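Working notes for the structure below.
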Amino acid sequence: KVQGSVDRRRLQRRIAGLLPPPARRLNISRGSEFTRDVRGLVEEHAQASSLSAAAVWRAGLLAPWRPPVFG
Amino acid sequence: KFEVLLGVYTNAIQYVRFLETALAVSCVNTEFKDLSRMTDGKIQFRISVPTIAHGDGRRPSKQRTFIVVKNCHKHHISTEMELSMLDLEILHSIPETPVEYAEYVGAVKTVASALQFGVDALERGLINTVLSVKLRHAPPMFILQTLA
Amino acid sequence: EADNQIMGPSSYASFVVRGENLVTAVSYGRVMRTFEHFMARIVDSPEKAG
Amino acid sequence: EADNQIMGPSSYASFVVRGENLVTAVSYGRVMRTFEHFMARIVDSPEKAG
Amino acid sequence: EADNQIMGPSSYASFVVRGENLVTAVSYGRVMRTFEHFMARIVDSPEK
Amino acid sequence: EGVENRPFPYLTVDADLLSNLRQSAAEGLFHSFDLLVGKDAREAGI
């Protein structure tokens, strides 16, 4: 009925903005499920290495959770 | 056979807003949406003091006027809401099997519950910091019994 | 109790920075409260006292 | 001499403290020149490169 | 000067596009466009 | 002192601000104030 100090939509889109990208799956089961993953891989390298706004966007998007050594 | 296991979740929460309490009677609330950028606040009062013309010859106070200022108190509140990546990596994909549809809506309910608890934590922190601001500028009763 | 409820504001007052405030915020870094009232009491009707 | 006279201006390009500038003149003691151009830069479509 | 500092080469006929779409890709008319498109992807993210 | 003596569109309110003020301000309730008595009680030049 009244207004909170925080809108849920702004916090929701801020969390969606600061979210880490998903880890890249690679289906070795079906070739139809394999070609989409390799197309995603080459598009990821293209938009992460070409000199445009996409490279700096993906570079800021990356977070660095390193695993420790074990004996 | 891998059995899915369901556990009952509860949300023991009381939805309280800062306009729901009577504490907001003490506070004229504005929403300056950029308060991280403010270095300092300022508000000036210019009280002109009238006097009394007197019959006896006394040293007359020629139009006294005070100019006082009041600096703002700026303090931030920080909650630290955790969110596991296990029920976050399934938030990006789409379900196609009912086990994925179960764990996806479980992840959705988890992040929606923990998200709206951070908002409630900030509201309770807001009411806490308003109440402690009112406590910090509060003389006790036995002082204002005579100073007022 | 003499009463059971009190009326009051349902939402917080909205004070966002306007274009004139933003220019004064960009260059000098100093924002006033009500730029329209400062303009109304200096450069629109200065002799009209408050 | 390849010419005997030059075409130059005829009066001083004046600039007085206008209305919008006078608020920052009184409240801050900081007047900019061409305040309207600053309004045109950072309010009226600030997405345009100069 | 045998010509008034003008040369008119037909070499610059195919590199008028290949060298152009790199300097115009960072010409602030596409950087804002690409970042607004990524902002639109960000807004498309939580609504699902 | 951080008090600015500049002229201002002083908004006039009706609350009794000067309820036991001089004996309060001489004792220093306020963090930073300025008393202007006589010829300094004017608006400053711009």
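Labels for the structure tokens follow display order: chains A, B, ..., residues from 1 in each chain, ligands from 1.
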
Working over all C-alpha atoms in order, superimpose chain D onto chain C by least squares and state the RMSD in Å.
-> 0.7 Å

Got a sec: who's within 12 Å of residue A:10, counting only C-alpha atoms, leaving out chain neighbours fewer than 3 positions off, as a ChimeraX atom specification?
-> /A:5-7,13-17 /B:33,115,119 /E:42-43,46

Counting only C-alpha atoms, give me one row per residue of stretch 39-145 of chain B with an atom at most 8 Å from an atom of stretch 1-24 of chain F, showing the shortest contact pair and its distance in Å to one decimal, sorted by chain then residue number, as a tab-separated table.
residue	atom	partner	partner_atom	distance
B:44	CA	F:3	CA	7.9
B:46	CA	F:10	CA	7.7
B:47	CA	F:18	CA	6.9
B:49	CA	F:18	CA	7.3
B:67	CA	F:3	CA	7.3
B:68	CA	F:3	CA	7.0
B:69	CA	F:3	CA	6.3

May I have the residues within 10 Å of stretch 26-38 of chain D as a ChimeraX atom specification, using only C-alpha atoms and disregarding those fewer than 5 positions away in the same chain?
-> /C:20,23-24,26-28,30-32,38,42 /D:15-21,43-44 /F:4-9,44-46

Got a sec to pull out which chain D residues are within 10 Å of chain E, counting only C-alpha atoms, and send them as a ChimeraX atom specification?
-> /D:47-49

Chain C residues near chain A (9 Å cut-off, only C-alpha atoms) as JSON, numbers by chain = {"C": [9, 10, 11, 12]}

Per DSSP on the backbone, what are the strand (DSSP E) residues of stretch 12-94 of chain B, as a PyMOL selection string?
-> chain B and resi 42-48+64-71

Expected file: the selected residues, N, CA and C atoms, as a short mmCIF file (atom, residue, chain, number, x, y, z; two decimals), in the first residue's frame:
data_model
loop_
_atom_site.label_atom_id
_atom_site.label_comp_id
_atom_site.auth_asym_id
_atom_site.auth_seq_id
_atom_site.Cartn_x
_atom_site.Cartn_y
_atom_site.Cartn_z
N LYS B 42 24.34 21.07 3.73
CA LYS B 42 24.40 22.33 4.46
C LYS B 42 23.02 22.97 4.45
N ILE B 43 22.67 23.61 5.56
CA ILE B 43 21.42 24.34 5.69
C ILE B 43 21.65 25.51 6.63
N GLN B 44 21.37 26.72 6.16
CA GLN B 44 21.64 27.92 6.94
C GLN B 44 20.34 28.48 7.50
N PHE B 45 20.39 28.92 8.75
CA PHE B 45 19.32 29.71 9.34
C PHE B 45 19.84 31.11 9.57
N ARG B 46 19.00 32.11 9.31
CA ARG B 46 19.38 33.49 9.53
C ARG B 46 18.36 34.11 10.47
N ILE B 47 18.55 33.93 11.76
CA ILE B 47 17.61 34.43 12.75
C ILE B 47 17.92 35.88 13.04
N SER B 48 16.97 36.76 12.74
CA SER B 48 17.06 38.15 13.13
C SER B 48 16.45 38.30 14.51
N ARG B 64 20.85 42.63 16.23
CA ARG B 64 21.59 41.37 16.23
C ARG B 64 20.96 40.36 15.28
N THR B 65 21.80 39.60 14.59
CA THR B 65 21.32 38.59 13.65
C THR B 65 22.30 37.43 13.65
N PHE B 66 21.80 36.24 13.99
CA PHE B 66 22.61 35.03 13.96
C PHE B 66 22.50 34.36 12.61
N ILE B 67 23.62 33.84 12.12
CA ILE B 67 23.63 32.98 10.94
C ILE B 67 24.27 31.67 11.38
N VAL B 68 23.44 30.67 11.64
CA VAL B 68 23.92 29.36 12.04
C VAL B 68 23.78 28.42 10.86
N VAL B 69 24.60 27.37 10.85
CA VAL B 69 24.50 26.33 9.84
C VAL B 69 24.35 24.99 10.55
N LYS B 70 24.01 23.97 9.78
CA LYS B 70 23.83 22.62 10.30
C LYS B 70 24.35 21.65 9.25
N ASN B 71 25.43 20.95 9.56
CA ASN B 71 25.95 19.96 8.63
C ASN B 71 25.13 18.69 8.70
#

Output as an MDAnalysis selection string the set of chain F residues within 6 Å of chain B, with distances taken over only C-alpha atoms.
-> chainID F and resid 33:38

Next, write the just-selected residues to a file, as a tab-separated table (two decimals), in the first residue's frame, keeping N, CA and C atoms as the atom set.
chain	number	residue	atom	x	y	z
F	33	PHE	N	28.71	28.92	14.11
F	33	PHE	CA	27.75	29.99	13.95
F	33	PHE	C	28.51	31.29	13.78
F	34	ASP	N	27.77	32.35	13.44
F	34	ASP	CA	28.36	33.70	13.31
F	34	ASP	C	27.35	34.74	13.80
F	35	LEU	N	27.74	35.60	14.74
F	35	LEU	CA	26.86	36.67	15.19
F	35	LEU	C	27.25	37.98	14.53
F	36	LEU	N	26.29	38.61	13.87
F	36	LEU	CA	26.51	39.87	13.16
F	36	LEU	C	25.63	40.94	13.81
F	37	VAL	N	26.25	41.89	14.50
F	37	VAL	CA	25.54	42.92	15.24
F	37	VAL	C	25.95	44.29	14.72
F	38	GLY	N	24.98	45.06	14.26
F	38	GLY	CA	25.24	46.41	13.81
F	38	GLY	C	25.47	46.47	12.31

Write down as a list in words the residues of chain C whose backbone DSSP state falls under helix (DSSP H, G or I).
->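 The helix (DSSP H, G or I) residues within chain C come out as residues 19, 20, 21, 22, 23, 24, 25, 26, 35, 36, 37, 38, 39, 40, 41, 42, 43 and 44 of chain C.
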
Chain E contacts on chain A, only C-alpha atoms, 12 Å, as a VMD selection string = chain A and resid 8 to 21 47 50 to 58 61

Pick from C:5, C:50, C:45, C:22, whichever lies nearest to chain D using only C-alpha atoms =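 With only C-alpha atoms as the atom set, the closest residue is C:22.
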
Could the residues of chain B within 10 Å of chain E, counting only C-alpha atoms, be given as a list in words, please?
->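 Residues of chain B within 10 Å of chain E, counting only C-alpha atoms: residues 91, 92 and 94 of chain B.
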
C-alpha atoms of the current selection, written as a CSV table (one decimal), in the first residue's frame:
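Heads up, here's the output in selection_4.csv:
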chain,number,residue,atom,x,y,z
B,91,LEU,CA,18.8,-19.9,-13.6
B,92,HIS,CA,20.3,-19.2,-17.1
B,94,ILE,CA,15.4,-23.3,-19.6

Give me, as JSON lines, the closest atom pair and its distance (Å, one decimal) for every residue of chain B within a cut-off of 9 Å of chain A, counting only C-alpha atoms, rows sorted by chain and rising number.
{"residue": "B:16", "atom": "CA", "partner": "A:4", "partner_atom": "CA", "distance": 8.8}
{"residue": "B:17", "atom": "CA", "partner": "A:4", "partner_atom": "CA", "distance": 5.7}
{"residue": "B:18", "atom": "CA", "partner": "A:4", "partner_atom": "CA", "distance": 7.1}
{"residue": "B:19", "atom": "CA", "partner": "A:2", "partner_atom": "CA", "distance": 7.1}
{"residue": "B:20", "atom": "CA", "partner": "A:2", "partner_atom": "CA", "distance": 7.8}
{"residue": "B:31", "atom": "CA", "partner": "A:5", "partner_atom": "CA", "distance": 8.0}
{"residue": "B:88", "atom": "CA", "partner": "A:22", "partner_atom": "CA", "distance": 9.0}
{"residue": "B:89", "atom": "CA", "partner": "A:22", "partner_atom": "CA", "distance": 6.3}
{"residue": "B:92", "atom": "CA", "partner": "A:22", "partner_atom": "CA", "distance": 7.2}
{"residue": "B:115", "atom": "CA", "partner": "A:12", "partner_atom": "CA", "distance": 8.0}
{"residue": "B:116", "atom": "CA", "partner": "A:8", "partner_atom": "CA", "distance": 7.5}
{"residue": "B:119", "atom": "CA", "partner": "A:6", "partner_atom": "CA", "distance": 6.4}
{"residue": "B:120", "atom": "CA", "partner": "A:4", "partner_atom": "CA", "distance": 9.0}
{"residue": "B:122", "atom": "CA", "partner": "A:6", "partner_atom": "CA", "distance": 8.0}
{"residue": "B:123", "atom": "CA", "partner": "A:5", "partner_atom": "CA", "distance": 6.7}
{"residue": "B:126", "atom": "CA", "partner": "A:5", "partner_atom": "CA", "distance": 8.4}

Quick one, how far is atom CA of residue B:77 from atom CA of residue B:13?
->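 According to the coordinates, atom CA of residue B:77 and atom CA of residue B:13 are separated by 19.9 Å.
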
For the interface of chain B with chain C (cut-off 6 Å, counting only C-alpha atoms), please tabulate each contacting residue of chain B alongside its nearest pair of atoms and their separation in Å to one decimal, rows sorted by chain and increasing number, as a tab-separated table.
residue	atom	partner	partner_atom	distance
B:29	CA	C:12	CA	5.4
B:30	CA	C:13	CA	4.2
B:31	CA	C:14	CA	5.5
B:32	CA	C:15	CA	5.4

Could the residues in this selection be written to a file with N, CA and C atoms, as an mmCIF file, in the first residue's frame?
data_model
loop_
_atom_site.group_PDB
_atom_site.id
_atom_site.type_symbol
_atom_site.label_atom_id
_atom_site.label_comp_id
_atom_site.auth_asym_id
_atom_site.auth_seq_id
_atom_site.Cartn_x
_atom_site.Cartn_y
_atom_site.Cartn_z
ATOM 1 N N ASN B 29 10.782 12.733 5.058
ATOM 2 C CA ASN B 29 11.612 11.856 4.189
ATOM 3 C C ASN B 29 11.609 12.244 2.708
ATOM 4 N N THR B 30 12.789 12.611 2.197
ATOM 5 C CA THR B 30 13.000 12.821 0.777
ATOM 6 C C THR B 30 13.898 11.713 0.253
ATOM 7 N N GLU B 31 13.812 11.439 -1.053
ATOM 8 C CA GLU B 31 14.606 10.328 -1.648
ATOM 9 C C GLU B 31 15.672 10.840 -2.626
ATOM 10 N N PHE B 32 16.692 11.548 -2.128
ATOM 11 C CA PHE B 32 17.782 12.002 -2.976
ATOM 12 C C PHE B 32 18.470 10.777 -3.554
#
